[PDB]
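Visitor: Here you go, protein_1.pdb (PDB, C-alpha atoms and all ligand atoms):
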ATOM      1  CA  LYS O   3     -18.150 -22.135 -10.955  1.00  0.00           C
ATOM      2  CA  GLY O   4     -14.442 -21.692 -10.392  1.00  0.00           C
ATOM      3  CA  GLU O   5     -15.210 -19.766  -7.201  1.00  0.00           C
ATOM      4  CA  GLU O   6     -16.203 -23.010  -5.499  1.00  0.00           C
ATOM      5  CA  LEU O   7     -12.606 -24.185  -5.800  1.00  0.00           C
ATOM      6  CA  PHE O   8     -11.405 -21.471  -3.422  1.00  0.00           C
ATOM      7  CA  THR O   9     -13.674 -21.879  -0.365  1.00  0.00           C
ATOM      8  CA  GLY O  10     -10.826 -23.485   1.589  1.00  0.00           C
ATOM      9  CA  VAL O  11      -7.040 -23.714   1.863  1.00  0.00           C
ATOM     10  CA  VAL O  12      -5.434 -24.441  -1.538  1.00  0.00           C
ATOM     11  CA  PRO O  13      -1.825 -25.572  -2.078  1.00  0.00           C
ATOM     12  CA  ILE O  14       0.195 -23.346  -4.382  1.00  0.00           C
ATOM     13  CA  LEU O  15       3.214 -24.088  -6.552  1.00  0.00           C
ATOM     14  CA  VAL O  16       5.212 -21.375  -8.312  1.00  0.00           C
ATOM     15  CA  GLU O  17       7.916 -22.021 -10.941  1.00  0.00           C
ATOM     16  CA  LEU O  18       9.742 -19.175 -12.715  1.00  0.00           C
ATOM     17  CA  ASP O  19      12.492 -19.295 -15.343  1.00  0.00           C
ATOM     18  CA  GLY O  20      14.225 -15.939 -15.750  1.00  0.00           C
ATOM     19  CA  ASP O  21      16.807 -14.172 -17.886  1.00  0.00           C
ATOM     20  CA  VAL O  22      17.799 -10.624 -16.961  1.00  0.00           C
ATOM     21  CA  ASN O  23      20.502  -9.055 -19.105  1.00  0.00           C
ATOM     22  CA  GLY O  24      21.646 -12.618 -19.797  1.00  0.00           C
ATOM     23  CA  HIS O  25      21.792 -13.552 -16.154  1.00  0.00           C
ATOM     24  CA  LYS O  26      19.775 -16.791 -16.039  1.00  0.00           C
ATOM     25  CA  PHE O  27      17.987 -18.033 -12.949  1.00  0.00           C
ATOM     26  CA  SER O  28      15.067 -20.059 -11.610  1.00  0.00           C
ATOM     27  CA  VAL O  29      12.745 -19.744  -8.620  1.00  0.00           C
ATOM     28  CA  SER O  30      10.575 -22.352  -6.984  1.00  0.00           C
ATOM     29  CA  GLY O  31       7.835 -21.462  -4.546  1.00  0.00           C
ATOM     30  CA  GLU O  32       5.570 -23.444  -2.255  1.00  0.00           C
ATOM     31  CA  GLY O  33       2.793 -22.382   0.051  1.00  0.00           C
ATOM     32  CA  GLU O  34      -0.966 -22.042   0.311  1.00  0.00           C
ATOM     33  CA  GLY O  35      -3.767 -19.528  -0.187  1.00  0.00           C
ATOM     34  CA  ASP O  36      -7.064 -18.970   1.570  1.00  0.00           C
ATOM     35  CA  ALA O  37      -9.145 -16.627  -0.590  1.00  0.00           C
ATOM     36  CA  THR O  38     -11.809 -16.448   2.144  1.00  0.00           C
ATOM     37  CA  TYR O  39      -9.345 -14.176   4.001  1.00  0.00           C
ATOM     38  CA  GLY O  40      -7.493 -12.941   0.918  1.00  0.00           C
ATOM     39  CA  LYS O  41      -4.399 -14.612   2.373  1.00  0.00           C
ATOM     40  CA  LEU O  42      -1.194 -15.966   0.876  1.00  0.00           C
ATOM     41  CA  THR O  43       1.789 -17.574   2.583  1.00  0.00           C
ATOM     42  CA  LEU O  44       4.693 -18.678   0.373  1.00  0.00           C
ATOM     43  CA  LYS O  45       8.401 -19.492   0.502  1.00  0.00           C
ATOM     44  CA  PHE O  46      10.463 -18.950  -2.660  1.00  0.00           C
ATOM     45  CA  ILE O  47      13.872 -20.420  -3.344  1.00  0.00           C
ATOM     46  CA  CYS O  48      16.391 -19.462  -6.029  1.00  0.00           C
ATOM     47  CA  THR O  49      17.313 -22.927  -7.201  1.00  0.00           C
ATOM     48  CA  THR O  50      20.152 -21.802  -9.449  1.00  0.00           C
ATOM     49  CA  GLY O  51      22.224 -19.982  -6.824  1.00  0.00           C
ATOM     50  CA  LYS O  52      22.208 -16.262  -6.095  1.00  0.00           C
ATOM     51  CA  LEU O  53      19.257 -14.317  -7.435  1.00  0.00           C
ATOM     52  CA  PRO O  54      20.689 -11.736  -9.882  1.00  0.00           C
ATOM     53  CA  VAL O  55      17.934  -9.200  -9.164  1.00  0.00           C
ATOM     54  CA  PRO O  56      16.401  -8.080  -5.860  1.00  0.00           C
ATOM     55  CA  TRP O  57      13.622 -10.309  -4.534  1.00  0.00           C
ATOM     56  CA  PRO O  58      11.108  -7.478  -4.243  1.00  0.00           C
ATOM     57  CA  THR O  59      11.241  -6.941  -8.023  1.00  0.00           C
ATOM     58  CA  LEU O  60       9.726 -10.438  -8.464  1.00  0.00           C
ATOM     59  CA  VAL O  61       6.744 -10.106  -6.092  1.00  0.00           C
ATOM     60  CA  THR O  62       4.061  -9.159  -8.625  1.00  0.00           C
ATOM     61  CA  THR O  63       5.184 -11.877 -11.009  1.00  0.00           C
ATOM     62  CA  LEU O  64       5.405 -14.640  -8.388  1.00  0.00           C
ATOM     63  CA  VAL O  68      -2.041 -15.664  -8.173  1.00  0.00           C
ATOM     64  CA  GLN O  69      -4.768 -13.113  -7.765  1.00  0.00           C
ATOM     65  CA  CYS O  70      -7.357 -15.819  -7.780  1.00  0.00           C
ATOM     66  CA  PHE O  71      -6.605 -15.777  -3.995  1.00  0.00           C
ATOM     67  CA  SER O  72      -7.892 -12.252  -3.587  1.00  0.00           C
ATOM     68  CA  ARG O  73     -10.851 -11.783  -1.308  1.00  0.00           C
ATOM     69  CA  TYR O  74     -13.814 -10.533  -3.325  1.00  0.00           C
ATOM     70  CA  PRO O  75     -16.545  -9.291  -0.972  1.00  0.00           C
ATOM     71  CA  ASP O  76     -19.850 -11.090  -1.482  1.00  0.00           C
ATOM     72  CA  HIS O  77     -21.386  -8.042  -3.024  1.00  0.00           C
ATOM     73  CA  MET O  78     -18.563  -7.981  -5.591  1.00  0.00           C
ATOM     74  CA  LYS O  79     -18.491 -11.654  -6.506  1.00  0.00           C
ATOM     75  CA  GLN O  80     -19.765 -11.134 -10.072  1.00  0.00           C
ATOM     76  CA  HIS O  81     -16.591  -9.138 -10.709  1.00  0.00           C
ATOM     77  CA  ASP O  82     -14.068 -11.908  -9.860  1.00  0.00           C
ATOM     78  CA  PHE O  83     -12.560 -12.824 -13.219  1.00  0.00           C
ATOM     79  CA  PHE O  84      -9.659 -14.769 -11.749  1.00  0.00           C
ATOM     80  CA  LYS O  85     -11.611 -17.509  -9.974  1.00  0.00           C
ATOM     81  CA  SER O  86     -14.138 -17.682 -12.825  1.00  0.00           C
ATOM     82  CA  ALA O  87     -11.456 -18.805 -15.276  1.00  0.00           C
ATOM     83  CA  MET O  88     -10.620 -21.792 -13.105  1.00  0.00           C
ATOM     84  CA  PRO O  89      -9.873 -24.597 -13.263  1.00  0.00           C
ATOM     85  CA  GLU O  90      -8.683 -24.315 -16.885  1.00  0.00           C
ATOM     86  CA  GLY O  91      -6.876 -21.161 -15.825  1.00  0.00           C
ATOM     87  CA  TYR O  92      -5.686 -17.931 -17.333  1.00  0.00           C
ATOM     88  CA  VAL O  93      -2.674 -16.444 -19.103  1.00  0.00           C
ATOM     89  CA  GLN O  94      -1.168 -13.439 -17.331  1.00  0.00           C
ATOM     90  CA  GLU O  95       1.222 -11.298 -19.314  1.00  0.00           C
ATOM     91  CA  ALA O  96       2.953  -8.164 -18.189  1.00  0.00           C
ATOM     92  CA  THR O  97       5.361  -5.413 -19.008  1.00  0.00           C
ATOM     93  CA  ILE O  98       7.104  -3.990 -15.987  1.00  0.00           C
ATOM     94  CA  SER O  99       8.973  -0.785 -16.744  1.00  0.00           C
ATOM     95  CA  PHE O 100      11.556   0.244 -14.130  1.00  0.00           C
ATOM     96  CA  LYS O 101      11.761   4.033 -14.362  1.00  0.00           C
ATOM     97  CA  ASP O 102      15.167   5.124 -15.628  1.00  0.00           C
ATOM     98  CA  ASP O 103      16.133   1.493 -16.062  1.00  0.00           C
ATOM     99  CA  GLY O 104      15.265  -1.740 -17.886  1.00  0.00           C
ATOM    100  CA  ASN O 105      12.055  -3.688 -18.261  1.00  0.00           C
ATOM    101  CA  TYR O 106      10.677  -7.132 -17.469  1.00  0.00           C
ATOM    102  CA  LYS O 107       8.298  -8.926 -19.786  1.00  0.00           C
ATOM    103  CA  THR O 108       6.528 -11.895 -18.302  1.00  0.00           C
ATOM    104  CA  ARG O 109       4.213 -14.624 -19.443  1.00  0.00           C
ATOM    105  CA  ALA O 110       2.568 -16.989 -16.996  1.00  0.00           C
ATOM    106  CA  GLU O 111      -0.066 -19.658 -16.856  1.00  0.00           C
ATOM    107  CA  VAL O 112      -2.096 -19.984 -13.699  1.00  0.00           C
ATOM    108  CA  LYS O 113      -4.266 -23.111 -13.498  1.00  0.00           C
ATOM    109  CA  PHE O 114      -5.020 -26.124 -11.338  1.00  0.00           C
ATOM    110  CA  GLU O 115      -2.906 -29.229 -11.613  1.00  0.00           C
ATOM    111  CA  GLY O 116      -5.133 -31.620  -9.744  1.00  0.00           C
ATOM    112  CA  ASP O 117      -6.006 -29.863  -6.489  1.00  0.00           C
ATOM    113  CA  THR O 118      -2.955 -27.608  -6.600  1.00  0.00           C
ATOM    114  CA  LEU O 119      -2.871 -24.028  -7.928  1.00  0.00           C
ATOM    115  CA  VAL O 120       0.147 -23.551 -10.123  1.00  0.00           C
ATOM    116  CA  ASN O 121       1.787 -20.416 -11.430  1.00  0.00           C
ATOM    117  CA  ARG O 122       4.270 -21.137 -14.215  1.00  0.00           C
ATOM    118  CA  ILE O 123       6.268 -18.126 -15.401  1.00  0.00           C
ATOM    119  CA  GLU O 124       8.828 -17.108 -17.997  1.00  0.00           C
ATOM    120  CA  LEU O 125      10.502 -13.762 -17.248  1.00  0.00           C
ATOM    121  CA  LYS O 126      12.700 -11.788 -19.618  1.00  0.00           C
ATOM    122  CA  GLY O 127      14.544  -8.656 -18.602  1.00  0.00           C
ATOM    123  CA  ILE O 128      16.522  -6.320 -20.858  1.00  0.00           C
ATOM    124  CA  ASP O 129      18.317  -3.008 -20.949  1.00  0.00           C
ATOM    125  CA  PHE O 130      19.097  -2.916 -17.257  1.00  0.00           C
ATOM    126  CA  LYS O 131      21.907  -0.683 -16.045  1.00  0.00           C
ATOM    127  CA  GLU O 132      24.852  -2.457 -14.452  1.00  0.00           C
ATOM    128  CA  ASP O 133      24.881  -0.339 -11.321  1.00  0.00           C
ATOM    129  CA  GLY O 134      21.269   0.741 -11.402  1.00  0.00           C
ATOM    130  CA  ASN O 135      18.964  -0.092  -8.531  1.00  0.00           C
ATOM    131  CA  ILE O 136      18.121  -3.531  -9.870  1.00  0.00           C
ATOM    132  CA  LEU O 137      21.411  -5.043 -10.967  1.00  0.00           C
ATOM    133  CA  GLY O 138      23.190  -3.016  -8.266  1.00  0.00           C
ATOM    134  CA  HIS O 139      20.958  -4.568  -5.591  1.00  0.00           C
ATOM    135  CA  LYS O 140      20.068  -1.184  -4.079  1.00  0.00           C
ATOM    136  CA  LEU O 141      16.489  -2.063  -3.168  1.00  0.00           C
ATOM    137  CA  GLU O 142      15.443  -2.561   0.436  1.00  0.00           C
ATOM    138  CA  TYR O 143      13.982  -5.920   1.433  1.00  0.00           C
ATOM    139  CA  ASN O 144      10.490  -4.623   2.062  1.00  0.00           C
ATOM    140  CA  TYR O 145       7.301  -3.925   0.119  1.00  0.00           C
ATOM    141  CA  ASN O 146       4.681  -1.192  -0.034  1.00  0.00           C
ATOM    142  CA  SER O 147       0.900  -1.416  -0.180  1.00  0.00           C
ATOM    143  CA  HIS O 148      -0.660  -0.847  -3.586  1.00  0.00           C
ATOM    144  CA  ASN O 149      -3.933  -0.711  -5.479  1.00  0.00           C
ATOM    145  CA  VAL O 150      -4.134  -2.832  -8.607  1.00  0.00           C
ATOM    146  CA  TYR O 151      -6.638  -1.213 -10.971  1.00  0.00           C
ATOM    147  CA  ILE O 152      -8.630  -3.662 -13.028  1.00  0.00           C
ATOM    148  CA  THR O 153     -10.712  -2.924 -16.126  1.00  0.00           C
ATOM    149  CA  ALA O 154     -12.388  -5.324 -18.548  1.00  0.00           C
ATOM    150  CA  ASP O 155     -11.191  -6.114 -22.065  1.00  0.00           C
ATOM    151  CA  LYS O 156     -14.304  -7.666 -23.539  1.00  0.00           C
ATOM    152  CA  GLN O 157     -12.590  -7.998 -26.932  1.00  0.00           C
ATOM    153  CA  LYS O 158     -10.178 -10.513 -25.449  1.00  0.00           C
ATOM    154  CA  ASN O 159     -12.679 -11.995 -23.051  1.00  0.00           C
ATOM    155  CA  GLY O 160     -10.413 -10.837 -20.285  1.00  0.00           C
ATOM    156  CA  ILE O 161      -9.031  -8.087 -18.085  1.00  0.00           C
ATOM    157  CA  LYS O 162      -6.229  -5.544 -18.020  1.00  0.00           C
ATOM    158  CA  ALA O 163      -4.430  -4.176 -14.971  1.00  0.00           C
ATOM    159  CA  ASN O 164      -2.560  -0.940 -14.556  1.00  0.00           C
ATOM    160  CA  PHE O 165      -0.537  -0.037 -11.493  1.00  0.00           C
ATOM    161  CA  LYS O 166       2.632   1.491 -10.129  1.00  0.00           C
ATOM    162  CA  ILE O 167       4.835  -0.332  -7.731  1.00  0.00           C
ATOM    163  CA  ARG O 168       7.056   1.795  -5.555  1.00  0.00           C
ATOM    164  CA  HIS O 169      10.284   0.073  -4.512  1.00  0.00           C
ATOM    165  CA  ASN O 170      12.068   1.703  -1.571  1.00  0.00           C
ATOM    166  CA  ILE O 171      15.758   2.322  -2.248  1.00  0.00           C
ATOM    167  CA  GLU O 172      18.437   1.979   0.377  1.00  0.00           C
ATOM    168  CA  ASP O 173      19.039   5.737   0.326  1.00  0.00           C
ATOM    169  CA  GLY O 174      15.437   6.842   1.028  1.00  0.00           C
ATOM    170  CA  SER O 175      14.563   7.296  -2.594  1.00  0.00           C
ATOM    171  CA  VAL O 176      12.031   5.337  -4.630  1.00  0.00           C
ATOM    172  CA  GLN O 177      12.335   3.155  -7.671  1.00  0.00           C
ATOM    173  CA  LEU O 178       9.072   3.163  -9.641  1.00  0.00           C
ATOM    174  CA  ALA O 179       7.917   0.039 -11.507  1.00  0.00           C
ATOM    175  CA  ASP O 180       5.076   0.799 -13.910  1.00  0.00           C
ATOM    176  CA  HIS O 181       3.004  -2.309 -14.562  1.00  0.00           C
ATOM    177  CA  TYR O 182       0.764  -3.033 -17.568  1.00  0.00           C
ATOM    178  CA  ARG O 183      -0.843  -6.469 -17.551  1.00  0.00           C
ATOM    179  CA  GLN O 184      -3.383  -8.508 -19.421  1.00  0.00           C
ATOM    180  CA  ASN O 185      -5.151 -11.671 -18.364  1.00  0.00           C
ATOM    181  CA  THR O 186      -6.889 -14.032 -20.819  1.00  0.00           C
ATOM    182  CA  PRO O 187      -8.738 -17.266 -20.140  1.00  0.00           C
ATOM    183  CA  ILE O 188      -7.207 -20.522 -21.237  1.00  0.00           C
ATOM    184  CA  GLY O 189     -10.489 -22.414 -21.478  1.00  0.00           C
ATOM    185  CA  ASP O 190     -13.510 -21.755 -23.681  1.00  0.00           C
ATOM    186  CA  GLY O 191     -16.166 -21.403 -20.957  1.00  0.00           C
ATOM    187  CA  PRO O 192     -17.669 -18.138 -19.815  1.00  0.00           C
ATOM    188  CA  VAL O 193     -15.699 -15.886 -17.465  1.00  0.00           C
ATOM    189  CA  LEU O 194     -16.701 -12.872 -15.441  1.00  0.00           C
ATOM    190  CA  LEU O 195     -15.914  -9.536 -17.043  1.00  0.00           C
ATOM    191  CA  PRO O 196     -15.803  -7.016 -14.216  1.00  0.00           C
ATOM    192  CA  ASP O 197     -16.722  -3.415 -13.815  1.00  0.00           C
ATOM    193  CA  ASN O 198     -13.766  -1.140 -12.967  1.00  0.00           C
ATOM    194  CA  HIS O 199     -12.433  -1.915  -9.521  1.00  0.00           C
ATOM    195  CA  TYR O 200      -9.163  -2.476  -7.707  1.00  0.00           C
ATOM    196  CA  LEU O 201      -7.286  -4.937  -5.492  1.00  0.00           C
ATOM    197  CA  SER O 202      -5.862  -3.539  -2.285  1.00  0.00           C
ATOM    198  CA  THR O 203      -2.661  -5.417  -1.497  1.00  0.00           C
ATOM    199  CA  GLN O 204      -0.332  -5.604   1.445  1.00  0.00           C
ATOM    200  CA  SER O 205       2.879  -7.627   1.517  1.00  0.00           C
ATOM    201  CA  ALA O 206       5.415  -8.679   4.156  1.00  0.00           C
ATOM    202  CA  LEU O 207       8.785 -10.131   3.224  1.00  0.00           C
ATOM    203  CA  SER O 208      10.915 -12.101   5.664  1.00  0.00           C
ATOM    204  CA  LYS O 209      13.622 -14.786   5.918  1.00  0.00           C
ATOM    205  CA  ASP O 210      13.677 -18.335   7.226  1.00  0.00           C
ATOM    206  CA  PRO O 211      16.410 -18.372   9.898  1.00  0.00           C
ATOM    207  CA  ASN O 212      17.342 -21.953   9.108  1.00  0.00           C
ATOM    208  CA  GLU O 213      17.675 -21.456   5.347  1.00  0.00           C
ATOM    209  CA  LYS O 214      21.033 -20.987   3.664  1.00  0.00           C
ATOM    210  CA  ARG O 215      19.772 -20.714   0.108  1.00  0.00           C
ATOM    211  CA  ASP O 216      18.784 -17.383  -1.453  1.00  0.00           C
ATOM    212  CA  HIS O 217      15.085 -17.103  -0.624  1.00  0.00           C
ATOM    213  CA  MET O 218      12.037 -15.029   0.254  1.00  0.00           C
ATOM    214  CA  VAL O 219       9.231 -15.709   2.700  1.00  0.00           C
ATOM    215  CA  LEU O 220       6.058 -13.819   1.766  1.00  0.00           C
ATOM    216  CA  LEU O 221       2.818 -13.100   3.639  1.00  0.00           C
ATOM    217  CA  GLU O 222       0.232 -11.239   1.557  1.00  0.00           C
ATOM    218  CA  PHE O 223      -3.325  -9.962   1.953  1.00  0.00           C
ATOM    219  CA  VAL O 224      -5.417  -8.909  -1.025  1.00  0.00           C
ATOM    220  CA  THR O 225      -8.914  -7.487  -0.964  1.00  0.00           C
ATOM    221  CA  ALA O 226     -11.112  -6.343  -3.844  1.00  0.00           C
ATOM    222  CA  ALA O 227     -12.654  -2.891  -3.455  1.00  0.00           C
ATOM    223  CA  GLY O 228     -13.966   0.212  -5.232  1.00  0.00           C
ATOM    224  CA  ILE O 229     -17.453  -1.177  -5.819  1.00  0.00           C
TER     225      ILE O 229
HETATM  226 MG    MG G   1      11.824 -28.037  -7.739  1.00  0.00          MG
HETATM  227 MG    MG G   2      13.338   4.632   3.911  1.00  0.00          MG
END
Turn the structure described in the file into structure tokens.
Ligand SMILES: [Mg+2]
Ligand SMILES: [Mg+2]

Guide:
Amino acid sequence: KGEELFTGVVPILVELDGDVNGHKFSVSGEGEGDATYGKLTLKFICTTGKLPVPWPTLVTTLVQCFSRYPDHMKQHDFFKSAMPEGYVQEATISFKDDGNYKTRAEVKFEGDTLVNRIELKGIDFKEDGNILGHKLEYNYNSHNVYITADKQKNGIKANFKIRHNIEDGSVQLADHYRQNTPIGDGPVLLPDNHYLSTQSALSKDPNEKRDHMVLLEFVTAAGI
């Protein structure tokens, strides 16, 4: 049972290689998750210099196995069930009136550590749009991630809309379409329709000179 791997505090590593409109960059993250409380705490560093996109646009790419699934919903937790072999998470993020990100990640244990390894590719972004023009506020709204099964692929799909606040009071929509597929051959849990209720707080480390993001996140399964 992968769920048994999450009863306590688990170290997390995140590594992302990105290319947006030919701007190349990498991000490294470290922290821990405590699924019992649906809680994530991570610090992300742009190891290549200045991040060429706003940090908030990377939040959904940068480990939903740390969601809190209520006891009565535990037979719907696909993410922990795929562990430790892990799962592939792929997404298309469409920024309304702008470019798109396509991502591919593997989330699995490396020893006792939960690792999220990501490749991100962004194209067709506007030079002085909200993303490349860095016009997005350093904050983050609360969302519901709607999950449905894809029995065909032995996995799940997610559909949701991220709303990014813009510095002028407007909103930049990011439509998300994602698929998750197990890496191993063992049985996984295919859930009834439900959603993950997420809340995210972004901050800075006062002693840190590199381009970075400190994130505190709470995720709870619901709708069943
Ligand atoms: Mg490193
Ligand atoms: Mg505002």

Visitor: Do you have, as CSV, the list of residues of chain O lying at most 9 Å from ligand MG 2 (chain G), each with its nearest atom pair and that distance in Å to one decimal, counting all atoms listed in the file and ordered by chain then number?

Guide:
residue,atom,partner,partner_atom,distance
O:142,CA,G:MG2,MG,8.3
O:170,CA,G:MG2,MG,6.3
O:171,CA,G:MG2,MG,7.0
O:172,CA,G:MG2,MG,6.7
O:173,CA,G:MG2,MG,6.8
O:174,CA,G:MG2,MG,4.2
O:175,CA,G:MG2,MG,7.1
O:176,CA,G:MG2,MG,8.7

Visitor: Let me see the file: selected residues, C-alpha atoms, as a CSV table (one decimal), keeping the file's coordinate frame.

Guide:
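Written output follows (out_21.csv):
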chain,number,residue,atom,x,y,z
O,142,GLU,CA,15.4,-2.6,0.4
O,170,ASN,CA,12.1,1.7,-1.6
O,171,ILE,CA,15.8,2.3,-2.2
O,172,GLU,CA,18.4,2.0,0.4
O,173,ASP,CA,19.0,5.7,0.3
O,174,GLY,CA,15.4,6.8,1.0
O,175,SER,CA,14.6,7.3,-2.6
O,176,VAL,CA,12.0,5.3,-4.6

Visitor: Could you please extract the residues within 8 Å of ligand MG 1 (chain G), counting all atoms listed in the file, and hand them back as an mmCIF file with C-alpha atoms, keeping the file's coordinate frame?

Guide:
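The new file selection-v2.cif reads:
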data_model
loop_
_atom_site.group_PDB
_atom_site.id
_atom_site.type_symbol
_atom_site.label_atom_id
_atom_site.label_comp_id
_atom_site.auth_asym_id
_atom_site.auth_seq_id
_atom_site.Cartn_x
_atom_site.Cartn_y
_atom_site.Cartn_z
ATOM 1 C CA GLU O 17 7.916 -22.021 -10.941
ATOM 2 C CA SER O 30 10.575 -22.352 -6.984
ATOM 3 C CA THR O 49 17.313 -22.927 -7.201
#

Visitor: Return the single residue from O:182, O:99, O:55, O:202 that is closest to residue 28 of chain O, with distances computed using all atoms listed in the file.

Guide: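 Under the stated criterion, the closest residue is O:55.
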
Visitor: Extending 5 Å beyond the listed atoms of segment 38-45 of chain O on each side, what axis-aligned box results? I want centre and edge lengths in Å to one decimal, as AutoDock Vina command-line options.

Guide:
--center_x -1.7 --center_y -16.2 --center_z 2.2 --size_x 30.2 --size_y 16.6 --size_z 13.6

Visitor: One decimal, Å: what's the distance from atom CA of residue 69 of chain O over to atom CA of residue 50 of chain O, could you say?

Guide: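 If I compute the distance from atom CA of residue 69 of chain O to atom CA of residue 50 of chain O, I get 26.4 Å.
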
Visitor: To one decimal place, how far is atom CA of residue 19 of chain O from atom CA of residue 4 of chain O in Å?

Guide: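 Straight-line distance from atom CA of residue 19 of chain O to atom CA of residue 4 of chain O works out to 27.5 Å.
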
Visitor: Could you tell me which residues the PyMOL selection byres (((chain O and resi 34) around 10) and not hetatm) returns for this structure, as a ChimeraX atom specification?

Guide: /O:11-15,32-33,35-37,41-45,71,118-119

Visitor: Run the PyMOL selection byres (((chain O and resi 112) around 9) and not hetatm) on the file and write out the hits as a list in words.

Guide: residues 68, 70, 88, 90, 91, 92, 93, 94, 110, 111, 113, 114, 119, 120, 121, 122 and 123 of chain O

Visitor: Of the residues O:59, O:187, O:115, O:181, which is the one nearest to residue 136 of chain O, using all atoms listed in the file?

Guide: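 The closest residue to residue 136 of chain O is O:59.
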
Visitor: Which residue is closest to residue 149 of chain O? Choose from O:223, O:200, O:57, O:27 and count all atoms listed in the file.

Guide: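 Counting all atoms listed in the file, the residue closest to residue 149 of chain O is O:200.
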
Visitor: Of the candidates O:25, O:3, O:166, O:79, which shows the shortest atom-to-atom distance to residue 178 of chain O, using all atoms listed in the file?

Guide: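 Using all atoms listed in the file, the shortest distance to residue 178 of chain O belongs to O:166.
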
Visitor: Measuring atom to atom with only C-alpha atoms, identify which of O:160, O:155, O:180, O:207 is nearest to residue 103 of chain O.

Guide: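 Closest to residue 103 of chain O, using only C-alpha atoms: O:180.
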
Visitor: Residues within 12 Å of residue 78 of chain O, please, as an mmCIF file with C-alpha atoms, in the coordinates of the input. Count only C-alpha atoms; anything in the same chain fewer than 4 positions from it doesn't count.

Guide:
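result-v4.cif written:
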data_model
loop_
_atom_site.group_PDB
_atom_site.id
_atom_site.type_symbol
_atom_site.label_atom_id
_atom_site.label_comp_id
_atom_site.auth_asym_id
_atom_site.auth_seq_id
_atom_site.Cartn_x
_atom_site.Cartn_y
_atom_site.Cartn_z
ATOM 1 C CA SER O 72 -7.892 -12.252 -3.587
ATOM 2 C CA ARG O 73 -10.851 -11.783 -1.308
ATOM 3 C CA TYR O 74 -13.814 -10.533 -3.325
ATOM 4 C CA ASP O 82 -14.068 -11.908 -9.860
ATOM 5 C CA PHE O 83 -12.560 -12.824 -13.219
ATOM 6 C CA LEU O 194 -16.701 -12.872 -15.441
ATOM 7 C CA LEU O 195 -15.914 -9.536 -17.043
ATOM 8 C CA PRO O 196 -15.803 -7.016 -14.216
ATOM 9 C CA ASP O 197 -16.722 -3.415 -13.815
ATOM 10 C CA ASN O 198 -13.766 -1.140 -12.967
ATOM 11 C CA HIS O 199 -12.433 -1.915 -9.521
ATOM 12 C CA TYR O 200 -9.163 -2.476 -7.707
ATOM 13 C CA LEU O 201 -7.286 -4.937 -5.492
ATOM 14 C CA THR O 225 -8.914 -7.487 -0.964
ATOM 15 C CA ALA O 226 -11.112 -6.343 -3.844
ATOM 16 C CA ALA O 227 -12.654 -2.891 -3.455
ATOM 17 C CA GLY O 228 -13.966 0.212 -5.232
ATOM 18 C CA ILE O 229 -17.453 -1.177 -5.819
#

Visitor: To one decimal place in Å, what is the distance between atom CA of residue 144 of chain O and atom CA of residue 21 of chain O?

Guide: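 We find that atom CA of residue 144 of chain O and atom CA of residue 21 of chain O lie 23.0 Å from each other.
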
Visitor: Which is closest to residue 105 of chain O among O:165, O:151, O:46, O:130, if we use only C-alpha atoms?

Guide: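 The shortest atom-to-atom distance to residue 105 of chain O comes from O:130.
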
Visitor: Counting only C-alpha atoms, which residues come within 10 Å of (13.2, -6.5, -14.6), with the point read in the file's coordinates, and could you list them as an mmCIF file with C-alpha atoms, keeping the file's coordinate frame?

Guide:
data_model
loop_
_atom_site.group_PDB
_atom_site.id
_atom_site.type_symbol
_atom_site.label_atom_id
_atom_site.label_comp_id
_atom_site.auth_asym_id
_atom_site.auth_seq_id
_atom_site.Cartn_x
_atom_site.Cartn_y
_atom_site.Cartn_z
ATOM 1 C CA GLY O 20 14.225 -15.939 -15.750
ATOM 2 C CA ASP O 21 16.807 -14.172 -17.886
ATOM 3 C CA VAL O 22 17.799 -10.624 -16.961
ATOM 4 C CA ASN O 23 20.502 -9.055 -19.105
ATOM 5 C CA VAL O 55 17.934 -9.200 -9.164
ATOM 6 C CA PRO O 56 16.401 -8.080 -5.860
ATOM 7 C CA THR O 59 11.241 -6.941 -8.023
ATOM 8 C CA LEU O 60 9.726 -10.438 -8.464
ATOM 9 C CA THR O 97 5.361 -5.413 -19.008
ATOM 10 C CA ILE O 98 7.104 -3.990 -15.987
ATOM 11 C CA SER O 99 8.973 -0.785 -16.744
ATOM 12 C CA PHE O 100 11.556 0.244 -14.130
ATOM 13 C CA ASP O 103 16.133 1.493 -16.062
ATOM 14 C CA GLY O 104 15.265 -1.740 -17.886
ATOM 15 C CA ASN O 105 12.055 -3.688 -18.261
ATOM 16 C CA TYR O 106 10.677 -7.132 -17.469
ATOM 17 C CA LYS O 107 8.298 -8.926 -19.786
ATOM 18 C CA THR O 108 6.528 -11.895 -18.302
ATOM 19 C CA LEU O 125 10.502 -13.762 -17.248
ATOM 20 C CA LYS O 126 12.700 -11.788 -19.618
ATOM 21 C CA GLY O 127 14.544 -8.656 -18.602
ATOM 22 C CA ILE O 128 16.522 -6.320 -20.858
ATOM 23 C CA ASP O 129 18.317 -3.008 -20.949
ATOM 24 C CA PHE O 130 19.097 -2.916 -17.257
ATOM 25 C CA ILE O 136 18.121 -3.531 -9.870
ATOM 26 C CA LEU O 137 21.411 -5.043 -10.967
ATOM 27 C CA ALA O 179 7.917 0.039 -11.507
#

Visitor: Contacts of residue 5 of chain O at 8 Å or less, counting all atoms listed in the file, minus same-chain residues fewer than 3 places along, as number ranges by chain?

Guide: O: 8-9, 85-86, 88

Visitor: Enumerate, as a short mmCIF file (atom, residue, chain, number, x, y, z; two decimals) with C-alpha atoms, in the frame of the given file, the residues matched when the PyMOL selection byres (((chain O and resi 205) around 7) and not hetatm) is run on the file above.

Guide:
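In the end it all went to result38.cif:
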data_model
loop_
_atom_site.label_atom_id
_atom_site.label_comp_id
_atom_site.auth_asym_id
_atom_site.auth_seq_id
_atom_site.Cartn_x
_atom_site.Cartn_y
_atom_site.Cartn_z
CA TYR O 145 7.30 -3.92 0.12
CA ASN O 146 4.68 -1.19 -0.03
CA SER O 147 0.90 -1.42 -0.18
CA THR O 203 -2.66 -5.42 -1.50
CA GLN O 204 -0.33 -5.60 1.44
CA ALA O 206 5.42 -8.68 4.16
CA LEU O 207 8.78 -10.13 3.22
CA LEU O 220 6.06 -13.82 1.77
CA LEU O 221 2.82 -13.10 3.64
CA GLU O 222 0.23 -11.24 1.56
CA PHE O 223 -3.32 -9.96 1.95
#
